[PDB]
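# Results of the structural survey
Chain by chain, the residues:
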Amino acid sequence: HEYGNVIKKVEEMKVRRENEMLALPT
Amino acid sequence: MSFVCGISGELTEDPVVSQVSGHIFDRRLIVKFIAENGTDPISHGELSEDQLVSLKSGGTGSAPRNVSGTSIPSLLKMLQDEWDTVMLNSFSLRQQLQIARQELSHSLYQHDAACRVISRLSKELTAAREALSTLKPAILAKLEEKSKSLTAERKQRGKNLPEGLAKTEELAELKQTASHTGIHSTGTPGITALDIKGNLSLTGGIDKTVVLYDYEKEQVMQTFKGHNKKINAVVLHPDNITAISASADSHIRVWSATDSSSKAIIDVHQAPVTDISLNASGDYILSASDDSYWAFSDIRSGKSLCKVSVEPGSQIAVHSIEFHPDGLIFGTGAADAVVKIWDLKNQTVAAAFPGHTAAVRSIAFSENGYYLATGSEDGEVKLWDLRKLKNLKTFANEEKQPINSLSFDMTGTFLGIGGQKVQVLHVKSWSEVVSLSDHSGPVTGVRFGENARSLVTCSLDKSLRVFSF
Amino acid sequence: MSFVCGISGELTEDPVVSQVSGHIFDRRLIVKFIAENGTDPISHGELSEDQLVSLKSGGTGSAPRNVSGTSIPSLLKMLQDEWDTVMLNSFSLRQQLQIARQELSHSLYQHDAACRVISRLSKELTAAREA
Amino acid sequence: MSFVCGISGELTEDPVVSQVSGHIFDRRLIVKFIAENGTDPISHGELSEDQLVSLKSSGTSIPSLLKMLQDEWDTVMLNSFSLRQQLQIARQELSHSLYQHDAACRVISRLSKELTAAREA
């Protein structure tokens, strides 16, 4: 309820995976 | 999706949008706004609680704690300190709103005053360019002596009012106790002007006659004839014998109760005369006209000492004029709704008062020497203080019916008001004491008896009537 | 503009809301979406040109955004979140106390176990001597 | 009407009842209970956020309201502490009781074996 903004922490981790790595789904 | 409320400026967990604006709001706040005002807070359109679209995406998450906010009592400390700033910010806004409205009034005043300079200079330039485009080859000492006498003798009356003054509780019981009819012909009906001197009275009519009448003897005293057009104003002299009258034929004519002939004619105006006023000593008469000049003249010989335009280089209808009762200054009122105060010693504008929203049909000065009243077609009445040249108080009728006449009482305790109905104000309280509507048409004059013991009014209803308690 | 479109994932310059929507759309997105789909991108309601309304900012009276992070709503919110946590904690503590207190009340055999020992030992003290 | 939440024991502005037990809760607490425990807090049956049924439904001074929050918060925390203190006392009494029981079993075991000797003297 308080630190629910950790969803954006893994999005920042996701961005480091989406940049400098493999293809997104098709 | 991060959103913030247009009302509070904070984040909102429940954003909502009105159908009549693009702005977004926190739901509970805008609903309370709608519940009070029924309107959009920013576009001011009509708004209802069903005209809302819900921005039901994910709301704004919680802010992180401050390090001091990690404990419950320090959150309460933080909440208290936060609240003090919010309260003082709200207090700062209402202070700032007072300051802004104060400065705007001064700014508009300075701009208005600047437009007077522009207008005066623009006319001087037009006259200069017109000349190019068509170029072809003890009186003053007496008044101060008299005014200081007049204003000094007042000072005892200012300290104590007469003990015989009628009470407010008596004036609350005013009723119709005399009525007089047939003073003027029914083919051109209505009393156009009235003045009184005790039971003696002088009346004008549309029938071109001037009739002197006693409303206690129920009889005509004398009749005068010779005016080519309707009578607009009359003055009855303190000697009870001399009578003064003004006609739309641009001439002022002077009469005597003892005489069958014109005592004088004062050819001094180019246009219909609209109002006249009598100097406190009775030696001289002052007049105004549609020609925009004021002119100051001997009642007997018709010679004029001085004459100046109320608005040089322009034509503006002047609708009211009155001496200040010490006699050195007089007020003037015109269709531009400017009231100008003139010094007779310098023969120049002493003060100018933008005020009413419409033409000033009547002006009154108090014999206390400092209350002034002006009355207009816009249906307001305003009280003015000459000691600082400022307004005191305003009174009005919500129907905005024109006011045709005003009169203070002889002591300046009461102000009589006349328009579509008859009213009297006790001026120090500025409260309506009574209102009377017994006339079937517009009122054309208001006067008071001695010690406020009687009230006299006239109307277009073909009647002269007196009220007393 | 600071609103980000829920479909394209990029910042708007023409935000649009409709009564069956909830996520923001661009005007230049939704009109072609109406033409091909005719269908709400998120709720699959029917779309029509009279539903769309466009958002605006900076009108007269609009309050300045509080950026200082602290606010009365957010403090009352987190104080409420503290209270919810403490009551759910207290409830599970109260539940555990009730369970532990209950079984120890049932386990109060000490006086009756002692009488059985007295009965047993007094038998033993006779059994020890009848031999 | 006044409605009391079965979790908090306090009045609620938004009373809710659970069909899995018929007990009345504050909507916000029970949703947080479901979102953590997935169960009815009283009956321990499976419960979910769609199963809640809604029930029907001036200020004084800001320093005064803040002082009520202070005094009230100290009361809630006093309750939380005394529960932890009473819980450990319950656990200490319980472990002693089990120790009395297990020691009594040792005695009853010991004596019942010694009572066999009288049959073989």
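Basis of the calculations
- Throughout, a per-chain count from 1 in the order the sequence is written supplies the residue numbers; the entry may number residues differently, and those without coordinates are omitted.
- The lettering of chains begins at A and the numbering of ligands begins at 1, in the order of writing.
- Bear in mind that the chains are drawn from a larger assembly and that all values refer to what is shown.
- Calculation of side-chain values draws on the structure's entire complement of heavy atoms; hydrogens and water are dropped beforehand.
- Two joining distances apply to patches: 9 Å for like charges and 5 Å for nonpolar side chains (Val, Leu, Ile, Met, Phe, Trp, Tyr), and every residue must have over 30% relative accessible area and no salt bridge.
- All accessible areas in this document rest on Shrake-Rupley with a 1.4 Å probe, and a residue is counted as covered only by the protein chains that are shown.
- We define a salt bridge as a side-chain nitrogen of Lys or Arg found within 4 Å of a carboxyl oxygen belonging to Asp or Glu.
- Only runs of H or I of at least four residues qualify as helices and only runs of E of at least two qualify as strands under DSSP, and these elements are numbered from the N terminus.
- Here's how the labels work: a residue is buried when its accessible area is under 20% of the maximum for its type, exposed when over 50%, partly exposed in between, all with a 1.4 Å probe on protein chains only.
- Contacts are residue-level and defined by heavy atoms, with any inter-residue pair within 4.5 Å sufficient.
- UniProt positions are given in the numbering used here, feature names are shortened, and annotations may be inferred rather than shown by experiment.
- Only strands joined by at least two bridges in the DSSP assignment are considered to pair.
- Whenever a helix is involved, its axis is fitted only over the stretch in contact; in every case the axis is a line through C-alpha atoms, and angles between N-to-C directions fall within 0 to 180 degrees.
- Once two parts are joined, some of their accessible surface, as seen by a 1.4 Å probe, is lost; buried area is that loss totalled over both.
- Ten residues, namely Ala, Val, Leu, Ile, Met, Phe, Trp, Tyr, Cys and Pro, are considered nonpolar, four, namely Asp, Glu, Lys and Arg, are considered charged, and the remaining ones, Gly among them, are considered polar.

- As deposited, the entry is annotated with cryo-EM as its determination method and 3.0 Å as its resolution.

- The name given to chain D in the PDB entry is Pre-mRNA-processing factor 19, and the organism recorded there is Caenorhabditis elegans.

- For chain C, the PDB entry supplies the name Pre-mRNA-processing factor 19 and the organism Caenorhabditis elegans.

### Some words on a nonpolar patch on the surface
Residue and element names in this part refer to chain A.
- A contiguous nonpolar patch, built from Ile7, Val10 and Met13 and spanning about 310 Å² of accessible area, is present on the exposed surface.
- Its location among the elements puts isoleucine 7 in helix α1 (residues 6–18).
- Judged by relative accessible area, which is 59%, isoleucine 7 ranks as exposed.

### Side note on the arrangement of the chains
- Most contacts, among the 5 pairs of chains that meet, fall between chains C and D.
- Separating chain A from chain C is a minimum C-alpha gap of 8 Å, and the two share no contact.

### Considerations on the UniProt feature "domain: U-box" in chain C
- With numbering matched to this structure, UniProt assigns "domain: U-box" to residues 1–72 of chain C.
- The straight-line gap between the two end C-alpha atoms of residues 1–72 of chain C is 28 Å; of that span, 15% is helix and 10% is strand.

### Things to note about the sheet that holds strand β10 (residues 242–247) of chain B
All names here are of chain B.
- A sheet is described by the order of its strands in space; here 4 strands give the open sequence β9-β10-β11-β12, paired in antiparallel fashion. Lying at the two open borders of the sheet, with one neighbouring strand each, are β9 (231–236) and β12 (264–267). Going from strand to strand, the sheet's axes swing by 20° on average, the running direction of each strand aside.
- Bridge analysis of strand β11 (residues 251–256) against β12 gives 4 bridges, and the strand direction is antiparallel. The residue bridging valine 254 from the neighbouring strand is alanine 264, located in β12.

### Regarding the interface of chain D and chain C
- Tallying the contact residues gives 34 residues for chain D and 32 residues for chain C.
- The contact between chain D and chain C buries some 3,100 Å² in all, and 71% of this surface belongs to carbon and sulfur atoms.
- When residues of chain D are sorted by the area they lose upon contact with chain C, D:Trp73, D:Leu83 and D:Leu115 head the list and together hold 18% of the total.
- Where chain D meets chain C, there are 4 salt bridges.
- For D:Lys32, the salt bridge is made with C:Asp81, and the minimal N-O distance between the two is 3.0 Å.
- Of the residues assigned to the side of chain D that touches chain C, the class counts are 20 nonpolar, 8 polar and 6 charged.

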